[PDB]
Every structure is written in structure tokens, then in C-alpha cells.
Protein chains: 2
Amino acid sequence: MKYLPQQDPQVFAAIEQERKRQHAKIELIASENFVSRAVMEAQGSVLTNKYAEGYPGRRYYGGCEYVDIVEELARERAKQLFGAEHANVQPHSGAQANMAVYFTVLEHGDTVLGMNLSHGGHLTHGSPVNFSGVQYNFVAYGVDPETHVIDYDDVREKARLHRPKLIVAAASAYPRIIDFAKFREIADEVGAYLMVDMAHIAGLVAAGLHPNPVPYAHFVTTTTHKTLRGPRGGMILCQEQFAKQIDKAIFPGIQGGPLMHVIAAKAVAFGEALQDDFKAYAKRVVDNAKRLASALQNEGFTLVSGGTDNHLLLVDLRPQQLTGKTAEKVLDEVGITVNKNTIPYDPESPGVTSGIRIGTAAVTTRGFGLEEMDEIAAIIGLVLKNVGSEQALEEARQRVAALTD
Amino acid sequence: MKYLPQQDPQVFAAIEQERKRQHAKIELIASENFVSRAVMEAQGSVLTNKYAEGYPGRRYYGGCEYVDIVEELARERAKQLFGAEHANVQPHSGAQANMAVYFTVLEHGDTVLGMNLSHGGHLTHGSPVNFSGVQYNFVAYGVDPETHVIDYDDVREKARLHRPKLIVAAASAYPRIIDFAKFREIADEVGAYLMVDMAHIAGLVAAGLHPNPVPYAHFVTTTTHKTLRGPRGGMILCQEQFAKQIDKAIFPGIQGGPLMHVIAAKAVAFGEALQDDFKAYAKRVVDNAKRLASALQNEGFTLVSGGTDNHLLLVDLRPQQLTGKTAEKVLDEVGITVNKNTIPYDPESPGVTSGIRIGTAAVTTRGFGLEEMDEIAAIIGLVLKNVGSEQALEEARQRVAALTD
């Protein structure tokens with residue numbers, strides 16, 4: 001940076017602290033990643049100056065010839081990545097992407113069937129304090145109490161009982177592959193639309209390491225950040241039959257002017273994901289997650305579903321008689337960033353929890369591999385087995401520092 | 001840029017075209033501006049990498065110590081700028097800011113009273129194709145057919161007849177000062193909340209050149225872009241009594257993770273607005289608008305309301321027997337960017353219109369002054385009086401080029 005340090009010392013000092021923090025800590029929050037310098041440059045461009053309500057070639061302001069090229073690059077690259085018939089790259093966030101799909105097919109009070117929030121479903125999949133649960137009548141399907149895998153017979157029973165207009169598949173804390181074919185079969189049986197929210201797994205889908213929901217879902221929503229490793233924002237994919245309605249849902253439905261600089265950054269991120277080296281990256285993400293899971297089990301930890309098929313895992317801390325809150329706190333003391341997370345059938349409140357959620361996308365981006373996964377697991381074991389020992393925590397602190405340099 | 005040109009030639013080439021376009025053209029779209037290099041740098045920072053759901057000191061993820069400093073700088077500087085008791089700097093856009101306020105105080109189907117959309121009201125103030133008009137029962141007040149000033153007796157009558165739960169004041173195309181005191185008096189009479197959407201005029205309010213709605217409104221929404229000259233995004237100001245509810249409306253109500261890099265940019269823009277030179281800038285904006293209005297009238301144009309009190313003006317093209325669409329098109333041919341805009345009591349459809357909307361915020365930022373306003377008016381006269389003369393358009397083209405270099 002050249003101008004910010006002189007113009008705004010206060011803001012610059014805080015940004016620099018954050019930059020140094022991002023290097024120093026071991027980032028295991030499953031939704032986190034580190035974008036490329038090219039992505040950041042695109043976000044830091046003069047494109048922020050342009051109003052471009054509408055769509056490429058169909059804008060409500062003149063002078064959009066070049067931002068049109070940018071938006072079309074984003075849309076076409078997205079279609080290439082996911083094999084979707086249509087892309088909308090304007091959603092401001094994952095929340096807004098979901099909001100738009102709901103706005104498209106649902107009326108106020110319509111019934112929607114989503115994943116139980118305490119079993120891995122997202123806030124926007126029906127929380128009573130979120131617009132989703134307030135505007136629509138959400139019902140939930142669960143995971144099996146033993147295997148922690150989605151109970152597809154429960155999905156089916158809930159669908160047949162409640163007759164939802166829409167079924168939502170996908171999760172913020174589900175460590176196994178989701179069977180989109182079965183979701184569509186159930187949807188077809190009850191005459192419901194199927195929406196898949198692939199936010200967490202989008203990068204893995206792009207790399208062919210998780211089955212693609214696009215062929216099975218009427219609508220696919222996603223964040224552009226997370227495993228896709230793009231800028232912060234949302235996206236909708238859908239078949240051509242819903243393209244016009246989806247576009248109208250985003251604008252003039254729920255948003256105004258799009259963030260053209262962020263859309264530029266989306267294009268850049270999609271370009272990166274199209275490359276062979278992103279596929280290798282995504283494989284290392286999944287390989288690292290498996291290794292970390294196995295190494296944690298070797299340290300004596302119990303994992304929800306007994307492991308992982310993707311980028312993330314959930315530790316069930318009940319055998320250690322620890323809450324997620326306690327674990328999150330003490331790991332923060334040593335420079336490991338996780339979040340407390342409700343486990344399926346958690347006896348604890350969402351404010352306390354019995355689990356921690358861990359993902360490997362960020363550390364993989366930093367170049368961590370199998371050996372590092374072993375060490376992270378060993379440090380986590382050292383910490384959580386010795387929460388009352390300042391010397392153990394100091395050793396952990398030093399070992400964390402050794403990993404990040 | 002260093003990395004984008006090598007990583008993504010296609011995206012870079014388009015961005016460079018856009019950058020050159022922004023310099024070459026005379027930007028008169030009233031919502032447009034040019035942000036500082038410091039603002040762009042903040043948006044292009046590593047802060048995009050951080051999940052920070054929640055609020056400063058009350059986040060749902062660890063490691064937010066530094067982004068907390070950034071968000072608090074934004075909130076405190078906003079409070080300083082506008083004298084508000086509370087600020088929420090997380091809204092992704094003006095649309096989302098408005099959405100959140102509606103979510104806070106209204107239930108589905110509640111009656112809201114806003115400015116007639118064809119008289120200057122915004123899309124999010126009740127368009128039947130926008131969530132606002134779909135989710136709530138919007139009724140409208142109008143401007144006087146002669147003076148084109150808001151008819152406050154009509155505001156009062158509509159309020160007393162329809163008994164709205166909420167009254168919205170503010171506009172996307174209203175060239176005169178809005179009387180917030182009268183709006184609050186009417187609101188008090190019918191027991192309605194008052195929301196002021198100051199998006200267009202926020203920079204002028206900050207500079208003391210338009211009366212401040214904060215003392216009179218329960219809620220004030222705004223964009224951070226437009227006359228405020230900040231990054232693309234939204235903000236809500238309110239009294240302390242609504243702070244908790246407003247914050248909950250934004251999250252977990254309508255959004256997820258905030259855009260921390262954009263919030264950094266918001267802080268930077270607010271810092272800039274706090275400086276004496278921004279006040280001088282804003283005065284030049286209003287001075288330029290007055291000069292441009294007078295110069296246009298000298299060229300024989302009729303203006304809606306007979307002039308301007310702010311940054312924007314509306315030309316009523318009926319005396320010239322031209323539509324807004326025709327005028328917008330031919331001005332585009334010579335490098336002047338305006339938008340067609342419905343005028344009050346327009347005999348034409350929104351797709352055609354009888355007016356063009358013009359604002360001076362962008363050209364003022366580029367350093368244009370009174371002499372330049374005279375020349376812009378003269379060029380507009382040359383063009384619109386000679387739409388069929390390629391030689392006149394070429395002369396105009398050359399005079400536009402002379403202004404921008």
C-alpha cells in the first residue's frame with residue numbers, strides 16, 4: 001500500500017496487525033481461506049466507481065461496456081467450472097444468494113425442508129432469528145444418532161408429511177459427502193424444488209472431489225469465498241428455465257447495484273479454479289483433512305461421523321468432558337483458531353456446545369501437508385489433555401510458532 | 001497492479017478499459033463518484049479473508065481483535081459525522097440497509113408510506129417488482145404538479161388515510177431540500193416511525209449543506225458511495241433505543257458475514273469526510289449544481305422544480321419534444337454520461353421518460369468548477385438542439401475531449 005498509510009494511520013495500523021495475525025496463527029476455521037494477490041487487486045480496482053444495475057447488455061446505466069466484459073467472464077467461467085446452464089454472479093453474499101432463491105420460488109409462509117441446524121444446517125436454512133425462519137415455515141431433517149450421516153428416510157418422511165415447496169440440501173458443518181441424487185428423488189416424489197447450498201464444498205465440487213449438485217438441483221447457491229478461495233460474495237447457478245426469474249430475484253428483487261470490483265475478483269478466482277494447480281490444491285485439502293482426522297483419532301479424539309469425506313471435521317469433546325467453548329478458548333491461547341460447534345444431538349446449548357469444527361482449506365493454501373497435519377493433531381492433543389498446565393500451553397505456543405515461522 | 005496483469009490478462013484488460021473510460025467521459029450520473037486511492041487500497045486488503053459474524057467484542061469467531069478496531073473506527077467516525085447515537089456499518093448495500101430497517105419495525109403486509117417512485121422515490125421504497133412492494137403494502141405521496149416540491153399536505157393526508165406503520169422520506173431524483181421536521185410532525189400525528197433514506201445527499205448532510213435527518217428520524221439509511229464518496233455499501237444510523245434491534249436485523253436477521261475490507265474502506269471514507277477539505281468539496285458540488293442548472297436554463301432548458309438545492313437536477317425535455325431515452329442515447333455518442341429519468345407526472349413510460357437526471361458529484365471530484373459547468377451546459381445545448389447533425393455531435397465530442405484532456 002502507498003496511500004492508505006499516509007491518509008489513515010489508524011486504519012492502516014489495524015490492517016497491518018490483521019495481516020500479521022493471519023500469518024502467525026494456525027487458521028482452522030472451516031469457512032476460512034487466503035485469496036491470491038490478483039483477487040485482492042481486482043477488489044481494490046476503480047470498478048467500485050461504476051453503477052451497473054441490470055445485467056450485461058441489459059443495464060439501466062450507460063458506460064457499462066467494460067464491466068459487462070468482466071461480469072460475462074465471471075458468468076462464463078462459473079458455467080465452465082460447474083457445468084451450470086446459468087450463473088448469477090451478483091449476490092452480495094451467501095445469505096443474499098439464498099435469499100434470492102427463496103424470493104424466486106416461495107411465497108411468505110410456504111413450507112421449506114432443510115437440514116437440522118444443530119446437525120449442520122446453516123442459519124439461512126431456517127433459523128427463527130433469521131429472515132428464512134421468520135418469512136418461511138421451516139421443517140428439518142436429521143442425521144442418524146449413531147453414524148451421524150444424513151438419514152435419507154428421515155428426509156423422505158419429513159418431505160411426505162410436511163409437503164414442502166422447496167427442499168434445501170447442504171451444510172456448514174457436515175463432514176461427509178451429500179447424496180444429491182437421493183435429495184432430487186425425494187423432491188420429485190413430493191413435487192418440491194431442490195436447492196443445494198454448496199458454499200462450504202464449492203471448491204471441492206469444482207475440483208471433482210465432491211459430487212456436483214448442478215445436474216440434480218433446480219438451484220445451486222454458494223459463497224465465492226470458502227473452499228472456492230475467492231473474494232467474499234455469493235453466486236447462484238440454475239437451469240436455463242429459471243434464469244430469467246433468478247436474475248429478476250437478484251435485481252430488481254432483493255439487491256440494487258452490484259459490486260463490480262468484487263465481481264471482477266470473482267472472475268479472477270474462477271480463472272484460478274479452472275487451472276490444474278487448483279485441482280491439486282483441492283486434493284491436498286481433502287488429503288490433509290483425512291490425515292488430520294486420522295491423527296486426531298490417534299490422539300484419542302472422537303470425531304462426528306467417525307471421520308471426513310471433505311475439508312472439515314467435527315470433534316466430539318464429550319469423552320474429554322470438555323465443552324466446545326472451553327476448547328475454543330484454550331486453543332486461542334496458543335494460536336490455533338477453531339470455532340465451538342454444536343454436534344448432532346448435543347446436550348449443550350449453541351452458546352456452549354460439545355464440539356469444535358476444524359477445516360484444512362486455509363492451512364493447505366499456506367502449503368501445509370501431511371506432516372503438518374500430524375503436528376497440528378499432536379498440539380491439539382497436548383492442549384486439550386492439559387488445559388490446566390501453563391507449561392503445556394507454552395510448549396504448544398512454541399510448536400504453533402514453529403509451524404507458522 | 002502487479003499480479004493481476006500476469007494472472008488474468010482478460011480481467012486486467014477490461015479493468016484498464018474501464019479506468020480509461022472513467023477518465024475520458026464526463027460522468028453526470030447523479031449517484032456516481034470517484035473514490036480515493038486510500039479507499040481502494042482498504043478494499044484491496046487481506047481483510048476479505050476474515051469471517052467476523054457478530055459485532056465488535058461480540059463476535060462468533062475468534063481472532064477478530066483487529067477487524068474490531070476497524071469496524072469501531074467506522075462506527076465512531078460515522079457517529080461523529082452525523083451525530084447519530086448508533087451506527088451499523090455492516091449493510092452490504094443501500095438496498096440491504098433499507099431491508100434491515102423494514103425487517104426491524106414491520107411485519108409482512110404492514111402499510112408503509114413513501115415518495116411516489118415516478119416523483120423521485122427509490123426502487124426499495126415500494127416498487128411492486130422489489131421486495132419492498134412485494135413484502136409490504138406501500139402507498140405514496142407526491143410532489144406538487146407545478147412547483148415539483150413535495151406536497152406536505154399530501155404526505156399528511158396519505159398518512160392519515162392509510163395509517164402507515166412507517167413513513168419513508170428521501171429520494172433518488174429529488175432536486176430540493178427535504179423538510180425532515182415536517183415528516184416527523186406527520187409521523188408523530190399518526191403514530192408512525194420515520195425512516196430517512198439519505199443515500200444521495202449523505203455527503204451534503206456530512207458537510208452541513210443539507211439539513212441533517214438524524215435528529216428527526218428514528219432510522220436513517222444511506223449508501224456509503226454517492227455524495228459521501230465512499231466504497232460501495234450501506235449504513236444505518238439510529239437512536240440508541242433501536243440499536244440492539246437494528247444490529248439483530250442486520251445479523252442474524254438479513255445478512256451473514258460482513259465485508260470487513262469494505263468496512264475498512266468505509267472507515268477511510270468517513271475519515272476523509274471529517275476533514276475540512278471534504279466540506280469545501282461538498283460546497284463546490286452544490287455550487288456547481290446551481291451553476292449548471294442556471295447555465296442549462298440559459299440554454300433554454302426547463303428544469304424540474306425550476307432548479308436545485310443539492311447535487312442533482314432533472315431536465316424536463318418536453319419543450320424540446322425529446323424523450324429521456326433519446327437524450328441519453330445521443331449524449332452517450334459524444335461522451336457525456338447521463339441517465340433517462342421519469343419526471344413528476346411524466347406522460348411517458350419508465351422505459352422512455354421525459355427527462356434526464358444530472359449530478360455534479362463526480363465532475364467536482366475531478367476538479368471541475370463554474371467555468372466547466374458553463375461549458376457542459378453549452379455542449380448539452382449544442383447536442384440536444386441538433387440531434388440530427390453529425391457535425392454538431394463531432395464538435396460536441398471535441399469539446400468533451402477538451403474538458404477531460
# chains A, B, ... in the order shown; residues from 1 in each chain; ligands from 1
$ residues_around --residues "residue 269 in chain A" --least-positions-apart "2" --cutoff "8 Å" --atoms "only C-alpha atoms" --output "PDB file with C-alpha atoms, in the first residue's frame"
ATOM      1  CA  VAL A  39      -8.038 -11.411  -6.390  1.00  0.00           C
ATOM      2  CA  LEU A 228     -13.522 -21.955  -3.734  1.00  0.00           C
ATOM      3  CA  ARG A 229     -10.905 -19.487  -2.391  1.00  0.00           C
ATOM      4  CA  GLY A 230     -12.484 -16.409  -3.962  1.00  0.00           C
ATOM      5  CA  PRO A 231     -13.488 -12.943  -2.759  1.00  0.00           C
ATOM      6  CA  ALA A 265     -12.434 -10.640  -8.211  1.00  0.00           C
ATOM      7  CA  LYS A 266     -14.971 -13.463  -8.663  1.00  0.00           C
ATOM      8  CA  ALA A 267     -13.865 -13.821 -12.308  1.00  0.00           C
ATOM      9  CA  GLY A 271      -9.980 -18.412 -13.541  1.00  0.00           C
ATOM     10  CA  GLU A 272      -7.691 -19.731 -10.799  1.00  0.00           C
ATOM     11  CA  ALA A 273     -10.102 -22.615 -10.035  1.00  0.00           C
TER      12      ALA A 273
END
$ closest_atom_pairs --of "chain B" --to "chain A" --cutoff "6 Å" --atoms "only C-alpha atoms" --output "tab-separated table"
residue	atom	partner	partner_atom	distance
B:3	CA	A:38	CA	5.1
B:4	CA	A:38	CA	4.3
B:14	CA	A:66	CA	5.5
B:18	CA	A:66	CA	5.6
B:34	CA	A:49	CA	5.7
B:38	CA	A:4	CA	4.3
B:40	CA	A:44	CA	4.7
B:41	CA	A:44	CA	5.6
B:43	CA	A:44	CA	5.2
B:44	CA	A:44	CA	3.8
B:49	CA	A:34	CA	5.7
B:66	CA	A:14	CA	5.5
B:95	CA	A:255	CA	5.6
B:130	CA	A:253	CA	4.3
B:131	CA	A:253	CA	5.4
B:252	CA	A:130	CA	5.4
B:253	CA	A:130	CA	4.3
B:254	CA	A:131	CA	5.7
B:255	CA	A:95	CA	5.6
B:256	CA	A:95	CA	5.8
$ select_by_dssp --residues "range 89-213 of chain A" --states "alpha helix (DSSP H)" --output "PyMOL selection string"
chain A and resi 94-105+131-135+152-162+180-190+202-206
$ atom_distance --atom1 "CA of residue 218 in chain A" --atom2 "CA of residue 81 in chain A"
17.2 Å
$ residues_around --residues "residue 242 in chain B" --least-positions-apart "3" --cutoff "9 Å" --atoms "only C-alpha atoms" --output "mmCIF file with C-alpha atoms, in the first residue's frame"
data_model
loop_
_atom_site.group_PDB
_atom_site.id
_atom_site.type_symbol
_atom_site.label_atom_id
_atom_site.label_comp_id
_atom_site.auth_asym_id
_atom_site.auth_seq_id
_atom_site.Cartn_x
_atom_site.Cartn_y
_atom_site.Cartn_z
ATOM 1 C CA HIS B 86 -25.800 4.403 16.914
ATOM 2 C CA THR B 104 -36.842 -4.356 12.273
ATOM 3 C CA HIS B 218 -35.968 7.069 14.126
ATOM 4 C CA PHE B 219 -33.854 5.436 11.402
ATOM 5 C CA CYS B 238 -30.488 5.244 14.614
ATOM 6 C CA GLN B 239 -31.131 6.289 18.205
ATOM 7 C CA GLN B 245 -32.894 -4.381 17.246
ATOM 8 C CA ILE B 246 -31.132 -2.825 14.220
ATOM 9 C CA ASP B 247 -27.944 -4.818 14.856
#
$ residues_around --residues "residue 211 in chain B" --least-positions-apart "2" --cutoff "12 Å" --atoms "only C-alpha atoms" --output "VMD selection string"
chain B and resid 82 176 to 181 196 198 201 to 209 213 to 217 309 to 310
$ atom_distance --atom1 "CA of residue 222 in chain B" --atom2 "CA of residue 236 in chain B"
6.5 Å
$ closest_residue --among "A:142, A:319, A:234, A:355" --to "residue 385 in chain A" --atoms "only C-alpha atoms"
A:319
$ residues_around --residues "residue 157 in chain A" --least-positions-apart "2" --cutoff "12 Å" --atoms "only C-alpha atoms" --output "PyMOL selection string"
chain A and resi 113+139-142+151-155+159-164+186-187+189-190
$ residues_around --residues "residue 299 in chain B" --least-positions-apart "5" --cutoff "12 Å" --atoms "only C-alpha atoms" --output "MDAnalysis selection string"
chainID B and resid 292:294 315 320 374:385
$ write_last_selection --atoms "C-alpha atoms" --output "PDB file, in the first residue's frame"
ATOM      1  CA  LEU B 292     -25.048  24.010 -14.134  1.00  0.00           C
ATOM      2  CA  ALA B 293     -28.793  24.466 -13.527  1.00  0.00           C
ATOM      3  CA  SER B 294     -28.593  28.218 -14.284  1.00  0.00           C
ATOM      4  CA  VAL B 315     -34.199  18.349 -17.177  1.00  0.00           C
ATOM      5  CA  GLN B 320     -37.644  20.199 -26.902  1.00  0.00           C
ATOM      6  CA  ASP B 374     -20.999  26.615 -18.265  1.00  0.00           C
ATOM      7  CA  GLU B 375     -19.241  24.553 -20.957  1.00  0.00           C
ATOM      8  CA  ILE B 376     -21.065  21.312 -20.047  1.00  0.00           C
ATOM      9  CA  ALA B 377     -24.386  23.198 -20.328  1.00  0.00           C
ATOM     10  CA  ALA B 378     -23.332  24.695 -23.685  1.00  0.00           C
ATOM     11  CA  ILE B 379     -22.325  21.251 -25.016  1.00  0.00           C
ATOM     12  CA  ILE B 380     -25.646  19.742 -23.841  1.00  0.00           C
ATOM     13  CA  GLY B 381     -27.489  22.583 -25.622  1.00  0.00           C
ATOM     14  CA  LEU B 382     -25.438  22.035 -28.804  1.00  0.00           C
ATOM     15  CA  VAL B 383     -26.235  18.301 -28.766  1.00  0.00           C
ATOM     16  CA  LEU B 384     -29.932  18.314 -27.827  1.00  0.00           C
ATOM     17  CA  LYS B 385     -30.781  21.160 -30.234  1.00  0.00           C
TER      18      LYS B 385
END
$ select_by_dssp --residues "range 222-301 of chain A" --states "strand (DSSP E)" --output "ChimeraX atom specification"
/A:222-223,234-238
$ decode --residues "range 211-227 of chain B" --atoms "N, CA and C atoms" --output "PDB file, in the first residue's frame"
ATOM      1  N   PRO B 211     -29.983  19.914   5.539  1.00  0.00           N
ATOM      2  CA  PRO B 211     -30.379  19.614   6.914  1.00  0.00           C
ATOM      3  C   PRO B 211     -30.202  18.132   7.255  1.00  0.00           C
ATOM      4  N   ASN B 212     -29.767  17.875   8.483  1.00  0.00           N
ATOM      5  CA  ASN B 212     -29.499  16.525   8.960  1.00  0.00           C
ATOM      6  C   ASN B 212     -30.789  15.823   9.414  1.00  0.00           C
ATOM      7  N   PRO B 213     -31.111  14.648   8.817  1.00  0.00           N
ATOM      8  CA  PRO B 213     -32.311  13.910   9.240  1.00  0.00           C
ATOM      9  C   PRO B 213     -32.191  13.232  10.603  1.00  0.00           C
ATOM     10  N   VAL B 214     -30.957  13.006  11.057  1.00  0.00           N
ATOM     11  CA  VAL B 214     -30.679  12.245  12.290  1.00  0.00           C
ATOM     12  C   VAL B 214     -31.516  12.700  13.511  1.00  0.00           C
ATOM     13  N   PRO B 215     -31.573  14.026  13.789  1.00  0.00           N
ATOM     14  CA  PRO B 215     -32.384  14.499  14.925  1.00  0.00           C
ATOM     15  C   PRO B 215     -33.891  14.247  14.801  1.00  0.00           C
ATOM     16  N   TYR B 216     -34.381  14.016  13.582  1.00  0.00           N
ATOM     17  CA  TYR B 216     -35.824  13.915  13.327  1.00  0.00           C
ATOM     18  C   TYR B 216     -36.299  12.498  13.025  1.00  0.00           C
ATOM     19  N   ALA B 217     -35.376  11.649  12.583  1.00  0.00           N
ATOM     20  CA  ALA B 217     -35.720  10.301  12.140  1.00  0.00           C
ATOM     21  C   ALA B 217     -35.399   9.257  13.198  1.00  0.00           C
ATOM     22  N   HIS B 218     -36.253   8.235  13.295  1.00  0.00           N
ATOM     23  CA  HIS B 218     -35.968   7.069  14.126  1.00  0.00           C
ATOM     24  C   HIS B 218     -34.831   6.270  13.495  1.00  0.00           C
ATOM     25  N   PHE B 219     -34.866   6.168  12.166  1.00  0.00           N
ATOM     26  CA  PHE B 219     -33.854   5.436  11.402  1.00  0.00           C
ATOM     27  C   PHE B 219     -33.406   6.285  10.233  1.00  0.00           C
ATOM     28  N   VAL B 220     -32.100   6.301   9.994  1.00  0.00           N
ATOM     29  CA  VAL B 220     -31.553   6.906   8.786  1.00  0.00           C
ATOM     30  C   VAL B 220     -30.749   5.842   8.066  1.00  0.00           C
ATOM     31  N   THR B 221     -31.098   5.588   6.811  1.00  0.00           N
ATOM     32  CA  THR B 221     -30.310   4.686   5.980  1.00  0.00           C
ATOM     33  C   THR B 221     -29.546   5.479   4.929  1.00  0.00           C
ATOM     34  N   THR B 222     -28.476   4.880   4.428  1.00  0.00           N
ATOM     35  CA  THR B 222     -27.674   5.528   3.416  1.00  0.00           C
ATOM     36  C   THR B 222     -26.772   4.531   2.715  1.00  0.00           C
ATOM     37  N   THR B 223     -26.355   4.906   1.515  1.00  0.00           N
ATOM     38  CA  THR B 223     -25.208   4.294   0.873  1.00  0.00           C
ATOM     39  C   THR B 223     -23.954   4.999   1.390  1.00  0.00           C
ATOM     40  N   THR B 224     -22.822   4.308   1.335  1.00  0.00           N
ATOM     41  CA  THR B 224     -21.537   4.925   1.662  1.00  0.00           C
ATOM     42  C   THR B 224     -20.887   5.524   0.417  1.00  0.00           C
ATOM     43  N   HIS B 225     -21.302   5.035  -0.749  1.00  0.00           N
ATOM     44  CA  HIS B 225     -20.970   5.657  -2.023  1.00  0.00           C
ATOM     45  C   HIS B 225     -21.986   6.779  -2.305  1.00  0.00           C
ATOM     46  N   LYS B 226     -21.855   7.414  -3.470  1.00  0.00           N
ATOM     47  CA  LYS B 226     -22.642   8.598  -3.897  1.00  0.00           C
ATOM     48  C   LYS B 226     -21.964   9.892  -3.388  1.00  0.00           C
ATOM     49  N   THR B 227     -22.709  10.868  -2.861  1.00  0.00           N
ATOM     50  CA  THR B 227     -22.076  12.135  -2.457  1.00  0.00           C
ATOM     51  C   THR B 227     -21.104  11.989  -1.279  1.00  0.00           C
TER      52      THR B 227
END
